[PDB]
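Residue numbers (the numbering used here), protein chains in the order written: chain G, 58 to 264; chain D, 33 to 596; chain B, 4 to 168.
A virtual CB, placed ideally from N, CA and C, is assigned to each residue, including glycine.
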Amino acid sequence: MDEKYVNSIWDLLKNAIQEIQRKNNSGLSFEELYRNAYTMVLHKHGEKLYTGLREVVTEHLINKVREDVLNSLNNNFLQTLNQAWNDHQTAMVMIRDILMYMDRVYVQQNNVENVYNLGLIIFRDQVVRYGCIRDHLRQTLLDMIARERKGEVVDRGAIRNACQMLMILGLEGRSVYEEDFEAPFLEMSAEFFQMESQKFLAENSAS
Amino acid sequence: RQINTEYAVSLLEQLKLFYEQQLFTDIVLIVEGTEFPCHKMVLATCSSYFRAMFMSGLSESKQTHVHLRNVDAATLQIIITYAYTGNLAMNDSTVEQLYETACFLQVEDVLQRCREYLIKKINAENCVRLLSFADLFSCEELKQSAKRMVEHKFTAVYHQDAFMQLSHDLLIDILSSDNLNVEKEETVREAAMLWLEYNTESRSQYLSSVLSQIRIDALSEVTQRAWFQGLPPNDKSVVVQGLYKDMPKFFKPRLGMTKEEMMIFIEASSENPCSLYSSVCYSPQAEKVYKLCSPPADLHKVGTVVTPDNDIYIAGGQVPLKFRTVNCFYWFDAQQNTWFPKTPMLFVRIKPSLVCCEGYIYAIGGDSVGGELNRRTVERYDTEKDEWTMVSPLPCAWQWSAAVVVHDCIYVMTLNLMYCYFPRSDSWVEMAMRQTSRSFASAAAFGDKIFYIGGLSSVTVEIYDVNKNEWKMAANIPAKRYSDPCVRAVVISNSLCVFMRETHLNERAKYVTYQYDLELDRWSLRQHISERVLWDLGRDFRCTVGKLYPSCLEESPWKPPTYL
Amino acid sequence: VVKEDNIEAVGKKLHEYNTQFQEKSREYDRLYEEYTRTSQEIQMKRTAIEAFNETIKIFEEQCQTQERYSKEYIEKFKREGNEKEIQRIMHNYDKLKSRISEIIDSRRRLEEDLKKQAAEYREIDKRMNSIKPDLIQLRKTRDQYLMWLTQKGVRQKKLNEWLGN
Numbered sequence: 058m059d060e061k062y063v064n065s066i067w068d069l070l071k072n073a074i075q076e077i078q079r080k081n082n083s084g085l086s087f088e089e090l091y092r093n094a095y096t097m098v099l100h101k102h103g104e105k106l107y108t109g110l111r112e113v114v115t116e117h118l119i120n121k122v123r124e125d126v127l128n129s130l131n132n133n134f135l136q137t138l139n140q141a142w143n144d145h146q147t148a149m150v151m152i153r154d155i156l157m158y159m160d161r162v163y164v165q166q167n168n169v170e171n172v173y174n175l176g177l178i179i180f181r182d183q184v185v186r187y188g189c190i191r192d193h194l195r196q197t198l199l200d201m202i203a204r205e206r207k208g209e210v211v212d213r214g215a216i217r218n219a220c221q222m223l224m225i226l227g228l229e230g231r232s233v234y235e236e237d238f239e240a241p242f243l244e245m246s247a248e249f250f251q252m253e254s255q256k257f258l259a260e261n262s263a264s
Numbered sequence: 033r034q035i036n037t038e039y040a041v042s043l044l045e046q047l048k049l050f051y052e053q054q055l056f057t058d059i060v061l062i063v064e065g066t067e068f069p070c071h072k073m074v075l076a077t078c079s080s081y082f083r084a085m086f087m088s089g090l091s092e093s094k095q096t097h098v099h100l101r102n103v104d105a106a107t108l109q110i111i112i113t114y115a116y117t118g119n120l121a122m123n124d125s126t127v128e129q130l131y132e133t134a135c136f137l138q139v140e141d142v143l144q145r146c147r148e149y150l151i152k153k154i155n156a157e158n159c160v161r162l163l164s165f166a167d168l169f170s171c172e173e174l175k176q177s178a179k180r181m182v183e184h185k186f187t188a189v190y191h192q193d194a195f196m197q198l199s200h201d202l203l204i205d206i207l208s209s210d211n212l213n214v215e216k217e218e219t220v221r222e223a224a225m226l227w228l229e230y231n232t233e234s235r236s237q238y239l240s241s242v243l244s245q246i247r248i249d250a251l252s253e254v255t256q257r258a259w260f261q262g263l264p265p266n267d268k269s270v271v272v273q274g275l276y277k278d279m280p281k282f283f284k285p286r287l288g289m290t291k292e293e294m295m296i297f298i299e300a301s302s303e304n305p306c307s308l309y310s311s312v313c314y315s316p317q318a319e320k321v322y323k324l325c326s327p328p329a330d331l332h333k334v335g336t337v338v339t340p341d342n343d344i345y346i347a348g349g350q351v352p353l354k355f356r357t358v359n360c361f362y363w364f365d366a367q368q369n370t371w372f373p374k375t376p377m378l379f380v381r382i383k384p385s386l387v388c389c390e391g392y393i394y395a396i397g398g399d400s401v402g403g404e405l406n407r408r409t410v411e412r413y414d415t416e417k418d419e420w421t422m423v424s425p426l427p428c429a430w431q432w433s434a435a436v437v438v439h440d441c442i443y444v445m446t447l448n449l450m451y452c453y454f455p456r457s458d459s460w461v462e463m464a465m466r467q468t469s470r471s472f473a474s475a476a477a478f479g480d481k482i483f484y485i486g487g488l489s490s491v492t493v494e495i496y497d498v499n500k501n502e503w504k505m506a507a508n509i510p511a512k513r514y515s516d517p518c519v520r521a522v523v524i525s526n527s528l529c530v531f532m533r534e535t536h537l538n539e540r541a542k543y544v545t546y547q548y549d550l551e552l553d554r555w556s557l558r559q560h561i562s563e564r565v566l567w568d569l570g571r572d573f574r575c576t577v578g579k580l581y582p583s584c585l586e587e588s589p590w591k592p593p594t595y596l
Numbered sequence: 004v005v006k007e008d009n010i011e012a013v014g015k016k017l018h019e020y021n022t023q024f025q026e027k028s029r030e031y032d033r034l035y036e037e038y039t040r041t042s043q044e045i046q047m048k049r050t051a052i053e054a055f056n057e058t059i060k061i062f063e064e065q066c067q068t069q070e071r072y073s074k075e076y077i078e079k080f081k082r083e084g085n086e087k088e089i090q091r092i093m094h095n096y097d098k099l100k101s102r103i104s105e106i107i108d109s110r111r112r113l114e115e116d117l118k119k120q121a122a123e124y125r126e127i128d129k130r131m132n133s134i135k136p137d138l139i140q141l142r143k144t145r146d147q148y149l150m151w152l153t154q155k156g157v158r159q160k161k162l163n164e165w166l167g168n
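This is how it looks when you write it as structure tokens:
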């Protein structure tokens, strides 16, 4: 009812979701955390809740990924990439299970995306679609497929996880996949096929 | 090779047998001190809330004891009952509290059943309360259904205490909606005045938003009375379907202002080979025929009734046996042009004499069932309670009888007798006998005189007095000789009239309505029903008097004009 | 029918003439129905435009009633240094002028509707004026052939079957 009461509830929810993002959501009474969400959105305060949650998760993303570009970029890139990917996936699934009633009542009102789609969109844009990480990931993928073409074996698990998470980020099919990975892949494959055809037809017979 | 039901119905009752004796209890729910041991598996399959809290696998899902707050113990027991049986206790006393508990637990099955149950529970008392209930929980289906009910009876529900406690957003959409059933704009103004003075300290800042929604410079029908009524005969109706057809929606005449008394003909003949029992109405003022939909879906031999509150209902009838008699009951929507269904009757009926008396609807006659037990079956219905109840049956079993209401008294007439029912005594009193024995006649009520006209028909008119209890002949319907007029007595413009369809030898059906002179005991030619409209309606048609929305009902010119 | 001595050939012509006549009576009563609906259309549209006219007149009456109020009871609502009290006629004036503008626009919409329906009605009214001489000419030729070919060896039932297809 009172605005300070709603603010205290929102701060408790912030502390709860931040503790969950720390991967220490074990011994913590979060049964109230739902009751709380319900009461909040029932006093029709869904806008606030949604927007603030967005803000919090987005800031968490900033911190984490600035950290990763500064360090995780080099040491085991795709490894820590898929690691943070599945960690964020588990965290956002838990948050969706917490805030499912909001996804039921408030999402269909303002025609906005659900918290799961929102989290995947912000992870695709702020973390994946960032400048200094996009070029690095595309260059690493092109390099690994190039060395795969010339005999050097690479762990197919990393590239298959990268491609599956890229097509998952589309939330509509392989949409982002066409522009983020398929567009350089087609041209690099085309030039590689041209080079191999030129080096094959020049000193070999048709047989 | 799929899922088996003979096994599902056995597995479910086996789970209930374990729940009653408290086996495999892995979680204990604590609600306001009361304990409710249950299974984490069952609650997840029924409620998505428990599915989210248990798949979490955190301290809550690890602790056999979970404290659920803001949840009623009675509603929680009903939710658990449904999870183990599939039966839902939905009464009008605890449906609003069950819906609050269901939406907090997000049970798709209970929320859907409680939603449709409330939709058919909106009457003329809980409409405003359910509207605020729907807005608080964001139920778009209940909110739209409750809003349309408020717009239909706004002049009767704005005195309730639930109306002055409505929120600001709940007021701006009701006043701005052009569906307010009000005869004058002052009613909407005074309704807004009583709302702002209910709580002045909190609504003093909303005084500008209140006046911005009430139409003050509209001048809907006060302009026609200003200049003059000079037009073709009663063409003030053509202006109704013209000013409301083109306007900026801020000065539009509200739907209540847009009303017209029309002779409602149900189960009439159809011009094109279609529904043998169609429903159309004719406005004597607009001289136009408006088509009415039949959600009854081919009902046959049904009855009609119009309350003094301008409410239309149908009961009884028969449907084609995939003919079988049913106990259906539908209410007509003056705005949506539909036929919502309402609590059915206790016994199936065919053409019951439906009458409204002191707010109660009575189903008289209607296809006597069980001749050994009783043939004079009659029962009443309560509008707000949505319930049927048996009453004192007719003293004798008759056929093709009529029923009227005068001065809160139920009068039933027969071959030559008449009995008066008193709801205050729940008994039948024999009244003055009729001098002529006639059947299949029409009956009407006007002032202190009951008219039993027609019957074998004939042109004989009988005027009965309630104050004198005497049957006397007054005059004969002036009709052409050797004709076969199937007459129907109707009261319009505070005057008794007779809608006479005359069919002569080798001639088509001719429709015409006459007006009776009460002081001179004469019948005056009132209006000739144009044959360019109103095609043949047969003889078994039912007729009544009511007001409908010319503004919005149906538009079917058809009726090919200028022939021969 | 070109004095065809086959007689059955003369009867086949009669059937072609049957078609021609039938198509016409259908389009004839269709044009009559169009005439009637257009007549009631302009009747409802003229009862609407005169209603619009009288409403504009009474709104101008309210406009001059505002000037009357500017001398009747405006003395105790303008010299007190308040603006919320005068909104009962001052905030009811600007929106009345906007109402005048929008109902003038609506009247222009009704006028262009009138002229477009009159155009789409006269473009076929001229067709009625041209199809009726041809229709009565075809009916006269049919009546002339009725005196001749029908009395050779055709049945009235055969004529009904020809005109019923």
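Cβ-Cβ separation, residue j to residue i (assumed contact under 8 Å), whole Å
{"i": "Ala506/D", "j": "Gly487/D", "result": "That belief does not hold up - the Cβ atoms of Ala506/D and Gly487/D are roughly 15 Å apart, past 8 Å."}
{"i": "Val338/D", "j": "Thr576/D", "result": "5 Å"}
{"i": "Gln261/D", "j": "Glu292/D", "result": "16 Å between Cβ atoms; not a contact."}
{"i": "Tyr362/D", "j": "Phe372/D", "result": "6 Å"}
{"i": "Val444/D", "j": "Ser385/D", "result": "7 Å"}
{"i": "residue 2/D", "j": "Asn211/D", "result": "The shown model of chain D, from 33 to 596, leaves out residue 2/D, and the question about it has no answer."}
Coil, strand or helix - residue i by DSSP
{"i": "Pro373/D", "result": "strand"}
{"i": "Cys325/D", "result": "coil"}
{"i": "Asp414/D", "result": "strand"}
{"i": "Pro265/D", "result": "coil"}
{"i": "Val5/B", "result": "coil"}
{"i": "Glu67/D", "result": "strand"}
{"i": "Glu292/D", "result": "strand"}
{"i": "residue 614/D", "result": "No information on residue 614/D is available, as it lies outside the stretch 33 to 596 that chain D covers here."}
Start and end residues, alpha helix (DSSP H) containing residue i
{"i": "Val98/G", "result": "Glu88 to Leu99"}
{"i": "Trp432/D", "result": "Premise fails: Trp432/D is in no alpha helix (DSSP H) and is neither H nor E."}
{"i": "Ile202/G", "result": "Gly188 to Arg206"}
Where the beta strand (DSSP E) containing residue i begins and where it ends
{"i": "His97/D", "result": "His97 to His99"}
{"i": "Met422/D", "result": "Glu419 to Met422"}
{"i": "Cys441/D", "result": "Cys441 to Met445"}
{"i": "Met505/D", "result": "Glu502 to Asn508"}
{"i": "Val577/D", "result": "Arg574 to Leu580"}
Under 7 Å from the C-beta of residue i: neighbouring residues of chain D
{"i": "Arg71/B", "result": "Chain D residues near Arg71/B: none, gap ~16 Å exceeds 7 Å."}
Contacts of residue i in chain D (Cβ-Cβ under 8 Å)
{"i": "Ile61/B", "result": "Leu251, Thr255, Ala258 and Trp259"}
{"i": "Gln166/G", "result": "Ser170"}
Any non-hydrogen atom of the ligand SAH within 8 Å of residue i CB
{"i": "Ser170/D", "result": "Of ligands this structure carries none, so the ligand SAH is not represented either."}
Chain-ordered chain D contacts of residue i [CB-CB under 9 Å]
{"i": "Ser86/G", "result": "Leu90, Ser91, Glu92, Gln95 and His99"}
{"i": "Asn163/B", "result": "Per Cβ cutoff of 9 Å: no residues; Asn163/B is ~21 Å from chain D at best."}
{"i": "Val114/G", "result": "Chain D residues near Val114/G: none, gap ~18 Å exceeds 9 Å."}
Proximal chain B residues relative to residue i, where beta-carbon distance stays under 9 Å
{"i": "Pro265/D", "result": "Neighbours of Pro265/D on chain B: none; closest Cβ ~13 Å, over 9 Å."}
Beta-carbon neighbours of residue i, restricted to chain G and to distances below 9 Å
{"i": "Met85/D", "result": "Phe87, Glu88, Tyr91, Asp154 and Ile155"}
7 Å Cβ cut-off: residues of chain G touching residue i
{"i": "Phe136/D", "result": "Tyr95"}
The segment 72-79 of chain B in contact with the segment 223-241 of chain D per 3-pair CB rule at 8 Å = no
Would you call the segment 28-47 of chain B and the segment 86-93 of chain B touching, i.e. three or more CB-CB distances under 8 Å?
-> no
Are there three or more Cβ pairs, one per stretch, closer than 8 Å when the segment 380-396 of chain D is compared with the segment 405-417 of chain D?
-> yes
Contact the segment 550-557 of chain D vs the segment 6-24 of chain B: 3+ CB pairs below 8 Å = no
Examine the Cβ distances between the segment 80-95 of chain D and the segment 42-52 of chain D and report whether three or more of them are shorter than 8 Å.
-> no
Can we say the segment 194-202 of chain D touches the segment 218-233 of chain D, given the rule of at least three CB pairs closer than 8 Å?
-> yes
Listed from N- to C-terminal order along the chain, which residues in the segment 280-295 of chain D have their beta-carbon within a distance smaller than 9 Å of any beta-carbon of chain A?
-> Among the protein chains in the structure shown, which are G, D and B, there is no chain A.
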